[PDB]
C-alpha cells in the first residue's frame, strides 16, 4: 500500500476572517506520468488540479474539511478551516498545551486594518497591553495560563473585540 498525503496551511491558522488569503498546499509524492493533485472541500470535488489550492478572499462558505491527494498517495486525512465573521480574531497554533510549552497568540484584524491600544484579556482581565498591534508570547506555559481569552483594541476611533476562546493546560 501507499502513504497518505497531507494538507498544509499557509499561513498555518485554522481560524481565519472573511477576506483573509489562505493557501492550502498538498504534500505527497507524484508519479512521472501524473502531475495532478485532486482537492476536496467537505464532500465536493474542487475543480482546480493544482499542487496547492488558493482561497484568495475567504468566505464563510469556504469553512469545512479539506483533503488532497496526489498521484502516488492515498487520500489525505481531513484538515479543518473555520472562516469567522468580524473585526478581530484570536489565532493560535492550537488551544491545548502541556506545562512548559510555548504559546503564541495573534490578535488578527479584518484586512490587516491597523489596530492600536491592544489588550489581551484572560478571564475578563486585561493581561498584556501594546500601543501598536503585536503577537503575545508565553514561552513557558503553566497551570495558571488556563482560562478564557480575547483581545481588543481600537481601529481608528472605533472600539472592537475578538470572540473569546478557551485554552486548556494538561500534564
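Residue numbers count along the first chain shown, from 1.
The deposited model assigns a higher average Cα B-factor to 140-148 than to the other stretch when 140-148 and 60-68 are compared. The stretch with the higher mean CA B factor, choosing between 27-35 and 42-50, is 27-35. In the PDB entry, residue 91 places in the lowest third of its chain by CA B-factor. Ranked by C-alpha B-factor against the other modelled residues of its chain, residue 117 falls in the middle third.
Per the PDB record, residue ranking by Cα B-factor puts residue 76 in the lowest third of the chain.
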